[PDB]
Amino acid sequence: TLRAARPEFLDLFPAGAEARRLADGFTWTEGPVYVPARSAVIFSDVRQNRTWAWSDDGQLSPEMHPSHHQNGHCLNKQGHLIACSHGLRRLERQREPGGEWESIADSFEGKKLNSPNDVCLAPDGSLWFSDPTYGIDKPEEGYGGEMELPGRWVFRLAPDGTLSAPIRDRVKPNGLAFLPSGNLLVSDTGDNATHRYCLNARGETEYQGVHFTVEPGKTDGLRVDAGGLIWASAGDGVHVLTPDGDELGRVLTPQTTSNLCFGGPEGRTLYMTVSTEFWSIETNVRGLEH
Ligand SMILES: [Mg+2]
């Protein structure tokens with residue numbers, strides 16, 4: 001259900017729009033992305049080592065088992081499915097349904113990655129991913145392992161194959177979302193705040209400061225819509241913020257929401273990974289595209 005902090009919040013949803021559960025029986029849902037070619041949202045259950053598909057015709061189907069504790073997902077420029085893998089400690093790509101998984105980033109300067117958590121596509125085609133240590137710290141969320149890197153970074157995987165780590169000042173970087181300006185937002189689940197960086201072109205960043213915090217809980221995954229509004233996970237649902245970080249309202253969920261994505265047959269459905277369940281609400285807006 002909807003709780004407006006400002007009137008214009010209601011403009012964002014069709015009349016009588018309500019958050020509703022789509023599916024249950026999961027342990028910890030995460031990492032949803034809509035794949036138009038498959039007419040389905042793919043999402044992970046991180047704590048059950050599997051991924052699922054929710055089709056536009058309203059069917060839940062198993063996607064991958066084991067998934068090697070895949071977590072976050074996005075599409076690359078070509079619309080290939082991109083996964084963050086806790087278990088394999090890598091970023092990986094799937095070209096086609098049922099197709100083999102290809103590693104696209106599995107080490108940095110002779111060191112293993114920690115455990116990629118979330119990923120997003122940059123306007124220049126680069127794939128940016130957060131590398132906190134949840135995937136190797138929590139045995140329920142991966143295959144174990146020890147940290148090899150100096151810290152928990154945000155990586156940029158250039159379309160040509162060049163891997164860099166331009167963001168090294170975060171505690172546990174987690175959710176990532178680009179803004180219409182082409183600058184980047186980074187949620188930090190150690191800092192418990194969402195942070196803003198300017199991208200000085202081509203994989204070089206400058207920290208701008210804390211963009212916002214949320215209560216109750218904290219922002220894990222987040223997305224930005226076509227108008228630049230920020231759709232941010234929290235303890236009680238999704239908080240919708242102005243581009244400057246001011247709260248318009250919230251979509252309330254009975255448990256914590258970890259992540260979210262725009263999709264559906266019109267691109268206007270907001271899917272939410274809500275702990276043990278998977279939820280959606282109809283909106284009047286689409287995800288940002290570039
Ligand atoms: Mg996450």
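All residue numbers refer to positions in the sequence shown, counting from 1. Heavy-atom basis, side chains included; hydrogens, waters and symmetry copies ignored. Indexing begins at 1, ligand by ligand and atom by atom, following the structure's order.
Side-chain heavy atoms closer than 4.5 Å link hydrophobic residues (I, L, V, M, F, W, Y) into clusters, and following such links, even through other members, never connects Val238 to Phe212.
Because its NZ or CZ atom is both nearer than 6.0 Å to the ring centre of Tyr207 and within 45° of the ring axis, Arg170 counts as a cation-pi partner of that residue.
Not one N/O/S atom of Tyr134, from backbone or side chain, sits under 2.8 Å from the Mg ion (ligand 1).
Taking the Mg ion (ligand 1) as reference, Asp220 places its N/O/S atom OD1 nearest. Closest approach between the Mg ion (ligand 1) and any N/O/S atom of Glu30 involves OE2.
Distance check: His239 NE2 to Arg250 CZ gives 4.0 Å after rounding to the nearest 0.5 Å.
Geometry note: the Mg ion (ligand 1) is the vertex, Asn117 OD1 and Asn174 OD1 are the arms, and the angle is 80° (rounded to 10 degrees).
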request  = I would like to know whether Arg156 and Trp128 meet side-chain contact (heavy atoms from CB on, under 4.5 Å); could you show each step before the answer?
outcome  = CA-CA 5 Å; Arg156 178 188 180 253; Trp128 288 65; 3.5 Å; yes
